[PDB]
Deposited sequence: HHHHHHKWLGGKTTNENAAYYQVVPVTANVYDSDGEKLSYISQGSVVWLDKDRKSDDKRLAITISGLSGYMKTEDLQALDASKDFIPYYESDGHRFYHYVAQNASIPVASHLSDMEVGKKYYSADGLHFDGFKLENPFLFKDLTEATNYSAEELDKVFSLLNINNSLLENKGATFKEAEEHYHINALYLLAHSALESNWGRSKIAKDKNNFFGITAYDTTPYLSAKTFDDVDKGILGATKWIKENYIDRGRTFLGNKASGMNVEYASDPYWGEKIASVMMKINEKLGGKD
């Protein structure tokens, strides 16, 4: 058995030892062979984004570490990045003095490394905690990041109303909608009125409130109260992308930095 494998179908399921579905992951995702559990001809014991389970052998293609891309993490001396694909990165934390700049680090859960533990500032934050940011501050970020023709600009008051009503962090709501709609510039999102990529008040305001209600009832109220990864939080069920939670958290980080680090 190889050390790493890549997901073959559009999505594939991850199972427990008894064959019950635990989660699902996206095509091209790289999973780690887990040598501490038994793999056989039908299923491989694997780890992905915090989750340990089994995957069907026909769902996985063996990778060669010398030839193929293996995701890793690296610091530039200021920020630590997760490289999830050839050349593509997600900022996940500040640099720690424990990290050798330029060196590639590997982790099956994105938290525990060889020499240190990472505190991603938003990945495991309780999403029912309100943001410190005002409606007016949230609105400022579109200027500061040079985003234009966004249907989400001037929606700070809507996000804060959503936060007060449903008790879901407005910075998270802004981040989630920004990720799923290209900062409110997506034509698909406008035409479908679906800025969060779920399966006078205008349609955008109504969509934000409706999406927040949906997240509250289907995630928060069902015990999924933070972004997380494939082992826990919203990422277990919300998206096949095992690093969806990290992507949202990175958007929250970018917004927070630009607005002065109040959260």
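Annotation: deposited residues 1 to 16, 216 to 226 are not represented by C-alpha coordinates in the model.
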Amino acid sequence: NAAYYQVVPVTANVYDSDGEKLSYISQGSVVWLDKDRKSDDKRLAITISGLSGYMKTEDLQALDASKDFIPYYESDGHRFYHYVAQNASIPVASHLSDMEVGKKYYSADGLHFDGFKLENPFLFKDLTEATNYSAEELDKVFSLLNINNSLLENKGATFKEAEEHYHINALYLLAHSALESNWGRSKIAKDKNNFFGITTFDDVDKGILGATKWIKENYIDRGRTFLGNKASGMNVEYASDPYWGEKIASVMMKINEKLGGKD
From here on, numbers count along this sequence of modelled residues.
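Comparing 15 to 23 with 244 to 252, the higher mean C-alpha B-factor in the PDB entry belongs to 15 to 23. Annotation for 232 to 240 versus 29 to 37: the higher mean temperature factor (C-alpha) is found in 29 to 37.
Looking only at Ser177, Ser150, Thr158, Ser134, the residue with the top Cα B factor in the deposited structure is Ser150. Residues shown: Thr212, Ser49, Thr199, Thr57. Highest C-alpha temperature factor in the entry: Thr199. Split the chain's modelled residues into thirds by C-alpha temperature factor. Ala170 is in the lowest one. Among the modelled residues of its chain, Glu163 has a C-alpha B-factor that falls in the lowest third according to the deposited record. The PDB entry assigns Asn218 a C-alpha temperature factor belonging to the lowest third of its chain's modelled residues. Among the modelled residues of its chain, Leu118 has a C-alpha B-factor that falls in the highest third according to the deposited record. Among the modelled residues of its chain, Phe124 has a C-alpha B-factor that falls in the lowest third according to the deposited record.
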